[PDB]
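As C-alpha cells, the structure follows; a few thoughts come after it.
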Amino acid sequence: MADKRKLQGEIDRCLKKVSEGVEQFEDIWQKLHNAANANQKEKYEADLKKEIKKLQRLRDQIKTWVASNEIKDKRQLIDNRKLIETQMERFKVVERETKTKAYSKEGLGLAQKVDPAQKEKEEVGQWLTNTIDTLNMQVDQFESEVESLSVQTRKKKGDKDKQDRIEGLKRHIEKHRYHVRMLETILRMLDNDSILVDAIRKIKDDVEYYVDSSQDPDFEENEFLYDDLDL
RNA sequence: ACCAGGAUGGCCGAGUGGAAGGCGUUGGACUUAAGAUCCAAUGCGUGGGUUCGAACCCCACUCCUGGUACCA
C-alpha cells in the first residue's frame, strides 16, 4: 500500500497546513480588528486575502481528494472543508463590509450599521425615555386628581377618606418623581458610557413591574431596586 | 497518443446550487497643468442532462497547460 500510504501522508500534511492556515487567518483577523489606522487596515486585509487564497487552494485540493474513491472514511476531510468554507465566508463578509463606499449606491442605505453595543445602548436609552414619559404622565394625572380632591374637600369641608387618599397620592407622586430622577441619572450615566446595559436590564423588569401597578393596595414595593447600583 | 487540470470583466483573477476583488476604463474634486491623492460609475469557452433553479454537480465538443512515452 505504498501508493495508499503516500496519499494518506499527503492528506495529513495538507490537513496540518489547513489547521495552521486557519490559525493564521484568525490571527490576521484580530490584527485587522485591532487596527487603528487605514494603512494598518489595508495591510492586514491584504494579509488576510493572501492567507485565505492559500486556504482556498488547500480547499480545492481537499475537494479533489473527497471526490476520489481512494479514501473511505473522509469525515476529517469534510470537517476541514467546512472549516475552510467558514473562513472564506468570514473573509467575504469582512471584504464586503470594508470595500463598500459610504456614498455609493450600496452604501447609501446601509441602515443601522452601528456596533451592536451601540444599538443596544440606543434601545435602552429609548426605553428609559419612554418610561420617563409614562411616569411624567402619571405624575400629571396624580397632581390633577390631587387638586380635584383638595377642591372637593374644601367645598365639602369633610370626607376624611379623601384626605387619606390625597396623602396616598402625594406619596405616589413622590415615588414617581424618585423613579423619574433615578431614570434620568441612569440615562445620563449611560450616555457618557459610565453604566452597563446589563446593569440597566437587571432592573428593567422591576421598573416595568412598578410602572404597571404602584397605587394598588397589593403593591410589593422592592426597596432594593436602585440599591444594587451605587447611583 | 495515455493520464490529470484548467478556459469568468479590457489584463490578472476568487467563486460552493439561491458575476466578486486587484489593475484598468469613464465622470467629478483637488493643482496653472500632469502625476500622486479624494468622491463616484460600467465591465461564466461551447451545447446537452439532473435540479423548483446550476457560473457551481453529470455527459459530450473546441483551446491551452502539466507529467509519461522504458527493456531490448
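Chain labels A, B, ... are given in the sequence in which chains occur in the C-alpha cells; within each chain residues are numbered consecutively from 1, and ligands are likewise numbered from 1 in the order shown.
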Residue list for chain B near chain A as a VMD selection string, 12 Å, only C-alpha atoms (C1' of nucleotides) = chain B and resid 4 to 5 13 to 16 20 to 22 39 to 41 57
Export of prior selection with N, CA, C and O atoms (P, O5', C5', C4', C3', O3' and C1' of nucleotides) as a PDB file, in the first residue's frame:
ATOM      1  P     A B   4      -7.815  10.818 -15.914  1.00  0.00           P
ATOM      2  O5'   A B   4      -7.045  12.092 -15.347  1.00  0.00           O
ATOM      3  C5'   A B   4      -6.460  12.068 -14.055  1.00  0.00           C
ATOM      4  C4'   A B   4      -5.803  13.382 -13.717  1.00  0.00           C
ATOM      5  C3'   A B   4      -6.651  14.625 -13.916  1.00  0.00           C
ATOM      6  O3'   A B   4      -7.559  14.850 -12.854  1.00  0.00           O
ATOM      7  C1'   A B   4      -4.508  14.980 -14.840  1.00  0.00           C
ATOM      8  P     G B   5      -8.823  15.817 -13.070  1.00  0.00           P
ATOM      9  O5'   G B   5      -8.165  17.251 -13.283  1.00  0.00           O
ATOM     10  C5'   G B   5      -7.486  17.900 -12.220  1.00  0.00           C
ATOM     11  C4'   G B   5      -7.010  19.271 -12.625  1.00  0.00           C
ATOM     12  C3'   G B   5      -8.045  20.156 -13.293  1.00  0.00           C
ATOM     13  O3'   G B   5      -8.939  20.749 -12.369  1.00  0.00           O
ATOM     14  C1'   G B   5      -6.023  20.264 -14.506  1.00  0.00           C
ATOM     15  P     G B  13      -3.973  34.313 -13.715  1.00  0.00           P
ATOM     16  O5'   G B  13      -5.187  34.478 -12.699  1.00  0.00           O
ATOM     17  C5'   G B  13      -4.954  34.962 -11.386  1.00  0.00           C
ATOM     18  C4'   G B  13      -6.222  35.413 -10.709  1.00  0.00           C
ATOM     19  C3'   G B  13      -7.348  34.399 -10.637  1.00  0.00           C
ATOM     20  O3'   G B  13      -7.149  33.425  -9.630  1.00  0.00           O
ATOM     21  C1'   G B  13      -8.218  36.502 -11.269  1.00  0.00           C
ATOM     22  P     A B  14      -8.078  32.116  -9.577  1.00  0.00           P
ATOM     23  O5'   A B  14      -9.140  32.460  -8.442  1.00  0.00           O
ATOM     24  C5'   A B  14      -8.704  32.933  -7.178  1.00  0.00           C
ATOM     25  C4'   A B  14      -9.862  33.233  -6.262  1.00  0.00           C
ATOM     26  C3'   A B  14     -10.980  32.207  -6.229  1.00  0.00           C
ATOM     27  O3'   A B  14     -10.674  31.070  -5.444  1.00  0.00           O
ATOM     28  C1'   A B  14     -11.902  34.377  -6.353  1.00  0.00           C
ATOM     29  P     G B  15     -11.445  29.689  -5.713  1.00  0.00           P
ATOM     30  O5'   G B  15     -12.979  30.112  -5.755  1.00  0.00           O
ATOM     31  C5'   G B  15     -13.688  30.421  -4.564  1.00  0.00           C
ATOM     32  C4'   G B  15     -15.121  30.785  -4.856  1.00  0.00           C
ATOM     33  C3'   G B  15     -15.930  29.735  -5.596  1.00  0.00           C
ATOM     34  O3'   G B  15     -16.380  28.675  -4.772  1.00  0.00           O
ATOM     35  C1'   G B  15     -16.247  31.802  -6.648  1.00  0.00           C
ATOM     36  P     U B  16     -16.010  27.154  -5.145  1.00  0.00           P
ATOM     37  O5'   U B  16     -17.370  26.564  -5.724  1.00  0.00           O
ATOM     38  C5'   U B  16     -17.634  25.167  -5.686  1.00  0.00           C
ATOM     39  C4'   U B  16     -18.967  24.876  -5.045  1.00  0.00           C
ATOM     40  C3'   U B  16     -20.108  25.778  -5.525  1.00  0.00           C
ATOM     41  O3'   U B  16     -21.368  25.094  -5.606  1.00  0.00           O
ATOM     42  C1'   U B  16     -19.811  26.052  -3.195  1.00  0.00           C
ATOM     43  P     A B  20     -21.456  41.007  -8.346  1.00  0.00           P
ATOM     44  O5'   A B  20     -19.892  40.995  -8.643  1.00  0.00           O
ATOM     45  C5'   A B  20     -18.989  41.727  -7.830  1.00  0.00           C
ATOM     46  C4'   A B  20     -18.432  40.868  -6.722  1.00  0.00           C
ATOM     47  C3'   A B  20     -17.209  41.416  -6.006  1.00  0.00           C
ATOM     48  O3'   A B  20     -17.550  42.352  -5.000  1.00  0.00           O
ATOM     49  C1'   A B  20     -16.900  39.111  -6.513  1.00  0.00           C
ATOM     50  P     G B  21     -16.706  43.706  -4.822  1.00  0.00           P
ATOM     51  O5'   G B  21     -15.207  43.203  -4.638  1.00  0.00           O
ATOM     52  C5'   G B  21     -14.124  43.963  -5.146  1.00  0.00           C
ATOM     53  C4'   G B  21     -12.797  43.307  -4.859  1.00  0.00           C
ATOM     54  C3'   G B  21     -11.599  43.931  -5.557  1.00  0.00           C
ATOM     55  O3'   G B  21     -11.096  45.060  -4.863  1.00  0.00           O
ATOM     56  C1'   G B  21     -11.562  41.595  -5.887  1.00  0.00           C
ATOM     57  P     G B  22     -10.835  46.443  -5.637  1.00  0.00           P
ATOM     58  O5'   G B  22      -9.331  46.315  -6.141  1.00  0.00           O
ATOM     59  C5'   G B  22      -8.301  45.900  -5.258  1.00  0.00           C
ATOM     60  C4'   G B  22      -7.091  45.417  -6.015  1.00  0.00           C
ATOM     61  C3'   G B  22      -6.694  46.250  -7.221  1.00  0.00           C
ATOM     62  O3'   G B  22      -5.969  47.417  -6.879  1.00  0.00           O
ATOM     63  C1'   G B  22      -6.719  43.978  -7.830  1.00  0.00           C
ATOM     64  P     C B  39     -12.425  58.757  -0.607  1.00  0.00           P
ATOM     65  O5'   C B  39     -13.505  59.483  -1.525  1.00  0.00           O
ATOM     66  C5'   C B  39     -14.381  60.458  -0.982  1.00  0.00           C
ATOM     67  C4'   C B  39     -15.503  60.791  -1.931  1.00  0.00           C
ATOM     68  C3'   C B  39     -16.238  59.609  -2.537  1.00  0.00           C
ATOM     69  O3'   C B  39     -17.183  59.022  -1.664  1.00  0.00           O
ATOM     70  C1'   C B  39     -15.742  61.164  -4.233  1.00  0.00           C
ATOM     71  P     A B  40     -17.799  57.586  -2.028  1.00  0.00           P
ATOM     72  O5'   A B  40     -18.535  57.841  -3.417  1.00  0.00           O
ATOM     73  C5'   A B  40     -18.698  56.802  -4.370  1.00  0.00           C
ATOM     74  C4'   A B  40     -19.177  57.349  -5.689  1.00  0.00           C
ATOM     75  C3'   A B  40     -19.444  56.327  -6.784  1.00  0.00           C
ATOM     76  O3'   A B  40     -20.700  55.686  -6.663  1.00  0.00           O
ATOM     77  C1'   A B  40     -18.139  58.074  -7.663  1.00  0.00           C
ATOM     78  P     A B  41     -20.865  54.152  -7.114  1.00  0.00           P
ATOM     79  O5'   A B  41     -20.878  54.212  -8.705  1.00  0.00           O
ATOM     80  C5'   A B  41     -22.004  54.714  -9.409  1.00  0.00           C
ATOM     81  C4'   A B  41     -21.793  54.661 -10.900  1.00  0.00           C
ATOM     82  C3'   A B  41     -21.590  53.275 -11.495  1.00  0.00           C
ATOM     83  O3'   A B  41     -22.803  52.582 -11.727  1.00  0.00           O
ATOM     84  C1'   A B  41     -19.917  54.721 -12.306  1.00  0.00           C
ATOM     85  P     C B  57     -18.586  21.961  -9.803  1.00  0.00           P
ATOM     86  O5'   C B  57     -19.651  20.777  -9.839  1.00  0.00           O
ATOM     87  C5'   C B  57     -19.868  19.953  -8.702  1.00  0.00           C
ATOM     88  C4'   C B  57     -20.874  18.864  -8.988  1.00  0.00           C
ATOM     89  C3'   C B  57     -20.737  18.168 -10.332  1.00  0.00           C
ATOM     90  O3'   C B  57     -19.718  17.184 -10.360  1.00  0.00           O
ATOM     91  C1'   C B  57     -22.995  18.744  -9.988  1.00  0.00           C
TER      92        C B  57
END
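Here CA of residue 81 (chain A) stands at a distance of 21.4 Å from CA of residue 5 (chain A).
Here the question is which of A:128, A:114, A:11, A:169 gets nearest to residue 141 (chain A) using only C-alpha atoms, and that residue is A:169.
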For CA of residue 195 (chain A) and CA of residue 33 (chain A), determine how far apart the two atoms are, in Å to one decimal place.
->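 These two atoms are separated by 24.5 Å.
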As a PyMOL selection string, which residues of region 50-170 of chain A does DSSP assign to alpha helix (DSSP H)?
-> chain A and resi 50-67+75-99+105-108+116-156+160-170
Counting only C-alpha atoms, figure out which residue out of A:219, A:224, A:29, A:65 gets nearest to residue 51 (chain A).
->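 Comparing A:219, A:224, A:29, A:65 against residue 51 (chain A), the winner is A:29.
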In Å to one decimal, how far is CA of residue 98 (chain A) from CA of residue 84 (chain A)?
->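 According to the coordinates, CA of residue 84 (chain A) and CA of residue 98 (chain A) are separated by 21.0 Å.
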Using only C-alpha atoms (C1' of nucleotides), determine which residues lie at most 9 Å from residue 129 (chain A), disregarding the query and same-chain residues fewer than 4 positions distant; provide the list as a PyMOL selection string.
-> chain A and resi 124-125+133-134+183-184+187
Give me a file of those residues, with N, CA and C atoms, as an mmCIF file, in the first residue's frame.
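Wrote it out as out.cif, contents follow:
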data_model
loop_
_atom_site.group_PDB
_atom_site.id
_atom_site.type_symbol
_atom_site.label_atom_id
_atom_site.label_comp_id
_atom_site.auth_asym_id
_atom_site.auth_seq_id
_atom_site.Cartn_x
_atom_site.Cartn_y
_atom_site.Cartn_z
ATOM 1 N N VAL A 124 -31.850 50.865 24.961
ATOM 2 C CA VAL A 124 -32.038 51.033 26.399
ATOM 3 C C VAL A 124 -32.347 52.487 26.732
ATOM 4 N N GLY A 125 -31.627 53.426 26.115
ATOM 5 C CA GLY A 125 -31.921 54.831 26.341
ATOM 6 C C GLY A 125 -33.324 55.207 25.902
ATOM 7 N N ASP A 133 -41.429 59.335 30.170
ATOM 8 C CA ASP A 133 -42.650 59.957 29.667
ATOM 9 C C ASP A 133 -43.879 59.390 30.367
ATOM 10 N N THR A 134 -43.931 58.066 30.524
ATOM 11 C CA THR A 134 -45.066 57.445 31.200
ATOM 12 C C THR A 134 -45.160 57.904 32.651
ATOM 13 N N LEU A 183 -34.165 57.378 36.794
ATOM 14 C CA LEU A 183 -34.053 57.083 35.369
ATOM 15 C C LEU A 183 -33.201 58.125 34.658
ATOM 16 N N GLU A 184 -33.376 59.399 35.012
ATOM 17 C CA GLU A 184 -32.564 60.451 34.410
ATOM 18 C C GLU A 184 -31.092 60.256 34.738
ATOM 19 N N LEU A 187 -29.797 57.320 32.627
ATOM 20 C CA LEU A 187 -29.597 57.675 31.225
ATOM 21 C C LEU A 187 -28.388 58.585 31.052
#
Shortest interatomic distance to residue 61 (chain B) - which of B:46, B:8, B:31, B:37, counting only C-alpha atoms (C1' of nucleotides) =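 Result for the nearest residue to residue 61 (chain B): B:46.
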Excluding residue 121 (chain A) and any residue of its chain fewer than 5 positions from it, enumerate the residues within 12 Å of it, using only C-alpha atoms (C1' of nucleotides), and give them as a PDB file with N, CA, C and O atoms, in the first residue's frame.
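For reference, part-v9.pdb as written:
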ATOM      1  N   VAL A 114     -24.271  50.187  12.928  1.00  0.00           N
ATOM      2  CA  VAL A 114     -23.618  50.620  14.153  1.00  0.00           C
ATOM      3  C   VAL A 114     -23.271  49.387  14.975  1.00  0.00           C
ATOM      4  O   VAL A 114     -23.853  48.310  14.812  1.00  0.00           O
ATOM      5  N   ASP A 115     -22.307  49.555  15.874  1.00  0.00           N
ATOM      6  CA  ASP A 115     -21.879  48.441  16.705  1.00  0.00           C
ATOM      7  C   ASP A 115     -23.071  47.907  17.495  1.00  0.00           C
ATOM      8  O   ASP A 115     -23.862  48.695  18.029  1.00  0.00           O
ATOM      9  N   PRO A 116     -23.237  46.584  17.595  1.00  0.00           N
ATOM     10  CA  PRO A 116     -24.388  46.060  18.349  1.00  0.00           C
ATOM     11  C   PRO A 116     -24.483  46.633  19.750  1.00  0.00           C
ATOM     12  O   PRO A 116     -25.590  46.861  20.249  1.00  0.00           O
ATOM     13  N   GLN A 126     -33.759  54.684  24.753  1.00  0.00           N
ATOM     14  CA  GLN A 126     -35.111  54.956  24.279  1.00  0.00           C
ATOM     15  C   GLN A 126     -36.150  54.406  25.247  1.00  0.00           C
ATOM     16  O   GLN A 126     -37.152  55.071  25.540  1.00  0.00           O
ATOM     17  N   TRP A 127     -35.933  53.189  25.753  1.00  0.00           N
ATOM     18  CA  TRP A 127     -36.869  52.625  26.720  1.00  0.00           C
ATOM     19  C   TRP A 127     -36.909  53.461  27.992  1.00  0.00           C
ATOM     20  O   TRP A 127     -37.983  53.690  28.560  1.00  0.00           O
ATOM     21  N   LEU A 128     -35.746  53.917  28.461  1.00  0.00           N
ATOM     22  CA  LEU A 128     -35.716  54.756  29.655  1.00  0.00           C
ATOM     23  C   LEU A 128     -36.471  56.058  29.426  1.00  0.00           C
ATOM     24  O   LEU A 128     -37.211  56.518  30.303  1.00  0.00           O
ATOM     25  N   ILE A 186     -29.638  57.400  35.442  1.00  0.00           N
ATOM     26  CA  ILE A 186     -29.176  56.221  34.717  1.00  0.00           C
ATOM     27  C   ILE A 186     -28.896  56.566  33.261  1.00  0.00           C
ATOM     28  O   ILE A 186     -27.876  56.156  32.697  1.00  0.00           O
ATOM     29  N   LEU A 187     -29.797  57.320  32.627  1.00  0.00           N
ATOM     30  CA  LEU A 187     -29.597  57.675  31.225  1.00  0.00           C
ATOM     31  C   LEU A 187     -28.388  58.585  31.052  1.00  0.00           C
ATOM     32  O   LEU A 187     -27.615  58.424  30.099  1.00  0.00           O
ATOM     33  N   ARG A 188     -28.210  59.554  31.954  1.00  0.00           N
ATOM     34  CA  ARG A 188     -27.056  60.441  31.855  1.00  0.00           C
ATOM     35  C   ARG A 188     -25.759  59.657  32.008  1.00  0.00           C
ATOM     36  O   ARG A 188     -24.784  59.911  31.292  1.00  0.00           O
ATOM     37  N   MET A 189     -25.730  58.698  32.936  1.00  0.00           N
ATOM     38  CA  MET A 189     -24.557  57.841  33.072  1.00  0.00           C
ATOM     39  C   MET A 189     -24.336  57.012  31.813  1.00  0.00           C
ATOM     40  O   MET A 189     -23.198  56.847  31.359  1.00  0.00           O
ATOM     41  N   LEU A 190     -25.417  56.480  31.236  1.00  0.00           N
ATOM     42  CA  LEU A 190     -25.294  55.637  30.051  1.00  0.00           C
ATOM     43  C   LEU A 190     -24.737  56.421  28.871  1.00  0.00           C
ATOM     44  O   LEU A 190     -23.914  55.905  28.105  1.00  0.00           O
ATOM     45  N   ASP A 191     -25.177  57.670  28.705  1.00  0.00           N
ATOM     46  CA  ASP A 191     -24.707  58.473  27.581  1.00  0.00           C
ATOM     47  C   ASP A 191     -23.195  58.655  27.632  1.00  0.00           C
ATOM     48  O   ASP A 191     -22.514  58.553  26.605  1.00  0.00           O
ATOM     49  N   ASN A 192     -22.652  58.917  28.818  1.00  0.00           N
ATOM     50  CA  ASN A 192     -21.218  59.093  28.996  1.00  0.00           C
ATOM     51  C   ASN A 192     -20.463  57.770  29.048  1.00  0.00           C
ATOM     52  O   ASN A 192     -19.255  57.777  29.306  1.00  0.00           O
ATOM     53  N   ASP A 193     -21.141  56.646  28.812  1.00  0.00           N
ATOM     54  CA  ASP A 193     -20.528  55.321  28.918  1.00  0.00           C
ATOM     55  C   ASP A 193     -19.973  55.098  30.324  1.00  0.00           C
ATOM     56  O   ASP A 193     -18.806  54.753  30.514  1.00  0.00           O
ATOM     57  N   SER A 194     -20.836  55.310  31.319  1.00  0.00           N
ATOM     58  CA  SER A 194     -20.491  55.109  32.718  1.00  0.00           C
ATOM     59  C   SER A 194     -21.236  53.948  33.359  1.00  0.00           C
ATOM     60  O   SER A 194     -20.864  53.532  34.462  1.00  0.00           O
ATOM     61  N   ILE A 195     -22.269  53.417  32.709  1.00  0.00           N
ATOM     62  CA  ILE A 195     -23.062  52.319  33.244  1.00  0.00           C
ATOM     63  C   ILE A 195     -23.207  51.252  32.169  1.00  0.00           C
ATOM     64  O   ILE A 195     -23.176  51.542  30.968  1.00  0.00           O
ATOM     65  N   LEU A 196     -23.366  50.009  32.609  1.00  0.00           N
ATOM     66  CA  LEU A 196     -23.509  48.879  31.704  1.00  0.00           C
ATOM     67  C   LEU A 196     -24.967  48.685  31.314  1.00  0.00           C
ATOM     68  O   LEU A 196     -25.885  49.011  32.071  1.00  0.00           O
ATOM     69  N   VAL A 197     -25.172  48.149  30.110  1.00  0.00           N
ATOM     70  CA  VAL A 197     -26.524  47.844  29.656  1.00  0.00           C
ATOM     71  C   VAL A 197     -27.107  46.690  30.463  1.00  0.00           C
ATOM     72  O   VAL A 197     -28.306  46.667  30.761  1.00  0.00           O
ATOM     73  N   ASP A 198     -26.273  45.712  30.821  1.00  0.00           N
ATOM     74  CA  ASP A 198     -26.747  44.602  31.642  1.00  0.00           C
ATOM     75  C   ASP A 198     -27.211  45.092  33.008  1.00  0.00           C
ATOM     76  O   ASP A 198     -28.183  44.570  33.567  1.00  0.00           O
ATOM     77  N   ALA A 199     -26.523  46.090  33.566  1.00  0.00           N
ATOM     78  CA  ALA A 199     -26.963  46.662  34.833  1.00  0.00           C
ATOM     79  C   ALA A 199     -28.356  47.262  34.705  1.00  0.00           C
ATOM     80  O   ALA A 199     -29.195  47.102  35.599  1.00  0.00           O
ATOM     81  N   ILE A 200     -28.620  47.959  33.598  1.00  0.00           N
ATOM     82  CA  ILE A 200     -29.942  48.535  33.380  1.00  0.00           C
ATOM     83  C   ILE A 200     -30.981  47.436  33.196  1.00  0.00           C
ATOM     84  O   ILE A 200     -32.101  47.529  33.710  1.00  0.00           O
ATOM     85  N   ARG A 201     -30.632  46.380  32.457  1.00  0.00           N
ATOM     86  CA  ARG A 201     -31.578  45.296  32.220  1.00  0.00           C
ATOM     87  C   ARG A 201     -31.857  44.481  33.476  1.00  0.00           C
ATOM     88  O   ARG A 201     -32.905  43.832  33.556  1.00  0.00           O
TER      89      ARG A 201
END
Shell around residue 54 (chain B) at 12 Å using only C-alpha atoms (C1' of nucleotides), local window under 6 positions removed, as a PyMOL selection string = chain B and resi 16-18+44
